[PDB]
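Residue numbers (the deposited numbering): 3 to 406. For every residue, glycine included, the Cβ atom is placed at its ideal position computed from N, Cα and C.
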Ligand SMILES: OC[C@H]1O[C@H](O[C@H]2O[C@H](CO)[C@@H](O)[C@H](O)[C@H]2O)[C@H](O)[C@@H](O)[C@@H]1O
């Protein structure tokens, strides 16, 4: 019979790739269909380049791809339109914002699978030890807490201890972290939904200078090479007061044998002042059937299974990843395991999107400009003022003649 072949997620990021393979195997067992799992590199931008090789070749060797929230405008020609395969009722079981995201020129490129939002992880034990009762609400507070706790922990002998870890590597994750910094300083969305390239402003430049100020001070010098997992490893070993990361890190930190089990909470990222907007970058994954799959019926059946209530529930319960079905945020077992899903649901609902809608198929070029210019600030090569001026000019060149 057919072999249905899936590329999606990575065994190099938490449990995602292992779990995905498990879920695909479970569908194959349930339906009596042969399946195969193709692994991917850790970073989303590397995965895009890999999958583009298959798409350029019109390759039938992958039937289902997991695609990033930022990808529908890029990948649409390589996607089978799913609209004819779902009833309106079935589609309404997902968040409408994400279905809209996934719909390009009327083509439903992909089903919503899990969503994602940047959050603050904090060591509750350490906040209590140093006389703090609440996590920080402002970036200045975060810096003050970090300096005090670091001084104390270093003095106590932990030479591995830092105040803050985040994703500073030059890749798509830095675009995510930098949108949060800029937006939380009142600096805008980098490129607004209407097309205005807004980043050349003093608030954005301040946000980037502030982040530079962390490097080698409250954050390790090596933070300029950290993706999700590098940050998570320092944090999970017990060596950081604070971390910015996605929801997946929570279940991993609570696993038996984690040095930090029971010692942490999560909250919204800080912001520059009380009237700035909360910032949590929208992330997450969708499920696409390849336009090149020889087995579209079967592939669609697999994608409906993966996006189903019970598989999303398993993802929430075991991997602390966020459902794309509003019903699951009221499910007793999801909430018992992850009470913070209820506390931070409004943060997830108000997550700020990267400019993938407005940049469309040029989004990856825009993002590479963002992360390279931002990285130049983190490394001390450019000041934020120059970087945002230079980034404005780059993005203007990239998007010249593009209309959404
Ligand atoms: O949260 C678990 C996921 O982390 C990565 O994906 C997030 O971070 C990317 C940037 O590095 C974003 O583009 C993406 O939207 C986020 O969901 C990782 O790539 C995923 O495999 C993990 O599931």
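| query | Taking 7 Å as the cut-off, does the CB of residue 75 come closer than this to any heavy atom belonging to ligand 1? | reply | Locating residue 75 in the chain shown gives position 73, counting from the first residue. No, the Cβ of residue 75 stays beyond 7 Å of every heavy atom of ligand 1.
| request: Would you kindly check if the distance between the Cβ of residue 7 and the Cβ of residue 63 is under 8 Å? | output: Along the chain shown, read from residue 1 onward, the residue named residue 63 stands at position 61. Along the chain shown, read from residue 1 onward, the residue named residue 7 stands at position 5. Yes, the Cβ-Cβ distance between residue 63 and residue 7 is below 8 Å.
| request: For residue 12, verify whether its CB is less than 7 Å away from any heavy atom of ligand 1. | output: Within the chain shown, the letter at position 10 stands for residue 12. For ligand 1, at least one heavy atom lies less than 7 Å from the Cβ of residue 12.
| request: Please state whether DSSP places residue 242 in a helix, a strand or coil. | output: Indexing the chain shown from 1 puts residue 242 at position 240. Residue 242 falls in the strand class under three-state DSSP.
| request: Decide if the stretch 86-106 is in contact with the stretch 219-238; the criterion is three or more beta carbon pairs, one per stretch, under 8 Å apart. | output: no
| Through-space distance from residue 116 to residue 308, alpha-carbon basis | By 1-based counting over the chain shown, the position of residue 308 is 306. By 1-based counting over the chain shown, the position of residue 116 is 114. Using only the alpha carbons, I get a separation of about 10 Å.
| request: Give the DSSP-derived three-state secondary structure of residue 66 in the structure shown. | output: Taking the chain shown and counting its residues from 1, the one referred to as residue 66 is at position 64. DSSP places residue 66 in strand when its eight states are reduced to three.
| query | Considering only C-alpha positions, which residue in the set 198, 195, 217, 188 is nearest to residue 204? | reply | Residue mapping note: residue 204 aligns to position 202 of the chain shown, counting from 1. Checked all of 198, 195, 217, 188; the closest Cα to residue 204 is 188.
| Entirely enclosed alpha helix (DSSP H) segments - the stretch 104-186, minimum 4 residues | 126-131, 141-157, 174-186
| said: Restricting to Cα atoms, I'd like to know which of 248, 371, 313, 346 is closest to residue 29. | reply: Here residue 29 refers to the residue found at position 27 when the chain shown is read from its first residue. The shortest Cα separation from residue 29 among 248, 371, 313, 346 belongs to 313.
| task | Work out the CA separation of residue 302 and residue 2 for me, nearest whole Å. | result | Residue 2 is absent from the structure shown; the chain starts at 3 and stops at 406.
| Does the Cβ-Cβ distance between residue 398 and residue 72 come in under 8 Å? | In the chain shown, the residue the question calls residue 398 occupies position 396. In the chain shown, the residue the question calls residue 72 occupies position 70. Cβ atoms of residue 398 and residue 72: not closer than 8 Å.
| request: Give me the Cβ distance between residue 284 and residue 119, rounded to the nearest whole Å; I'm assuming they're in contact under 8 Å. | output: Translated into the one-based positions of the chain shown, residue 284 becomes position 282. Translated into the one-based positions of the chain shown, residue 119 becomes position 117. About 6 Å separates the two Cβ atoms, so the contact holds.
| request: For residue 39, write down the residues that DSSP places opposite it in a beta bridge. | output: If you number the chain shown from 1, residue 39 lands on position 37. For residue 39, which the question treats as bridged, DSSP gives the partners 8.
| said: If distances are taken between C-alpha atoms only, which option among 32, 388, 365, 391 comes closest to residue 404? | reply: Here residue 404 refers to the residue found at position 402 of the chain shown. Looking at the Cα atoms, 365 is the closest of the given residues.
| message | Determine whether the beta carbon atoms of residue 380 and residue 246 lie at a separation below 8 Å. | response | Taking the chain shown and counting its residues from 1, one reaches residue 380 at position 378. Taking the chain shown and counting its residues from 1, one reaches residue 246 at position 244. Their beta carbons are not under 8 Å apart, which means residue 380 does not touch residue 246 by this criterion.
| Selected residue, minimal CA-CA separation from residue 350, among 280, 185, 220 | Here residue 350 refers to the residue found at position 348 of the chain shown. For residue 350, the nearest C-alpha among the options comes from 280.
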